[PDB]
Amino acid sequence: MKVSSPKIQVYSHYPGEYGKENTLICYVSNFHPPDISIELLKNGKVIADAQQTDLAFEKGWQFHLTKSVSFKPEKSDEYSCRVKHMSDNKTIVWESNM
């Protein structure tokens, strides 16, 4: 048995223009074993009503999940995805590219 730690990618459906309705997406992939915690955060607080895909895996057997929620990014707000796999605890801040 070997652990495969998740690749974690945080992005928006559309370009992250301020004041525009959008979708915040955290794609968590390439991980084993399957038990995992994924949470989307606004200013460090868990965002309610986030949607998570059902557990699946690709060729090579590693698992992937997508967590997403509606959001409207503004100047003073920080968004992030916190992933807990095994005993690891990672937080990736959303970069707007804009």
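A residue's number is simply how far along the shown sequence it sits, counting from 1.
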- As the entry reports it, the stretch among 44-52 and 61-69 with higher mean C-alpha B factor is 44-52
- Query: For the C-alpha atoms alone, is the average B factor greater in 74-82 or in 20-28, going by the entry?
  - Reply: 74-82
- Query: Where does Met1 sit by CA temperature factor within its chain: lowest, middle or highest third?
  - Reply: highest
- For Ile8, return the chain-relative third of its C-alpha B-factor as stated in the PDB record: lowest, middle or highest. lowest
